[PDB]
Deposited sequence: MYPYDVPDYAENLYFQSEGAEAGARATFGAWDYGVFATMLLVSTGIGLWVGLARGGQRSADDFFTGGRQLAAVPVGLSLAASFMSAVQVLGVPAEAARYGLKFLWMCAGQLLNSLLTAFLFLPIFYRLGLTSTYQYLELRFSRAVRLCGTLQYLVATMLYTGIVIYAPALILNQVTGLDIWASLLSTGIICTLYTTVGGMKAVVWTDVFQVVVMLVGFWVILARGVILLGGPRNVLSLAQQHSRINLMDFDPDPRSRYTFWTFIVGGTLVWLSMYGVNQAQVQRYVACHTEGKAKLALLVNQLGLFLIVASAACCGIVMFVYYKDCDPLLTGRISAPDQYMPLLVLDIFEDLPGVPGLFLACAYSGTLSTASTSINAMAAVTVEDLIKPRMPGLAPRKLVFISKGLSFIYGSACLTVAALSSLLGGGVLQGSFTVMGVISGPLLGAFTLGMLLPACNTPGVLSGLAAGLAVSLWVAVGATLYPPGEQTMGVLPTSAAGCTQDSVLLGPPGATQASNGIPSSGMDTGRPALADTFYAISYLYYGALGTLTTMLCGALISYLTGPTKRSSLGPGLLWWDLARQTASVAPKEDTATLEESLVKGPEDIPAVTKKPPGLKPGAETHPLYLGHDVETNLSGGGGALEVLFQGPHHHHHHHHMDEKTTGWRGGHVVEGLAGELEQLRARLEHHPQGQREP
């Protein structure tokens, strides 16, 4: 399970070329594909195939969970932000409830993005460690060095999406060629119940079901695209509000393609490891090393393909991390400092921007190391952190956008309660992980070569519900206390803020 001779050279050369091009640069369909490219880091490459291989093909419902998300963002959140010409999405909060809510929302965005970028830095480290033969910590150090060179020197997404999706297609083609024909692969996956699209298991403990996707995944993708900062800023830069919607729908098509290719590569990966499954044989340690192992195993006759594909999947996600870190620094120095501080020359402010970029780089690397220590689940971990933090923020946004009677006390108390409950599940589900069989992990073979009351019912809910469980309560708490301290008469909101218009 190591690169080899022709693969190390290709990996090194491609990484050097990627860094050189990125720095040399530093010193409406394109945007649609850039939006998806953002969240197509190594996290998805390592998670979606593994989840599809383990839990079956129900993971395709994720696409639906994104589709229903985009529609909402297309027809419920895009008009409000776009028609108001908001410089920052969280400026809405300031115009709606108060500047304190703007501050809290910006802080939640910063923390959530920091954790998510830490996990996005962890995943490439996982790739490098699993494929080269370096301990997780030396690989994490190398990943941090490269990410900081990208960020603290100088900040194409269409190219990344195209190249990595073509890599997915090539992996799938080679795999299905090896296993015979596509009909044989489909029948083999069908024998072991890997083709189970129709899974309406009502219970919420099941990790992946129709309800779980349509609700939790929809709300999480909403709090990752609908009310995010970078995505909304990309929207508002377009024209006439039609180009924005077309960019959003093209982004949705790109996401559909990426996640469907990944969910099919997962099934190919399983059918490949039908017997002598690497996981319960000691060949790999966690169910996130599946994809690099598949890449190495299938292309054990092509001297170069592993290096090219993994170098791309590494450099593109490091670029994503640098972009997220720089956006974090920019929003901090635009929405929190400059409004607060009277006014400072263009030198001190760029120096503060560099300082915040560096600080966020270090904090994200530290979060990556913490994720490495705790365990795995780059996909699960990223969704967990993002949902857990940004869910109540999305609840605040939705309460402001669709409920007239809502004031600052309501939103703030709702955020407090939502973060409380969301972290309750986020931790109580980490101290007492749910059983592998309650999560519905499909069977496998390897012969071819509840202590507390709530750990069994409430901490076991699907990891896609956490954010939802936050958002909903934020709406229900904020709706309640707001109506207690006093309703907010609708004749106080001026321009279009409520969507009831």
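Where C-alpha coordinates are absent, the deposited sequence of this PDB chain has the segments 1-25, 53-71, 200-205, 500-525, 578-694.
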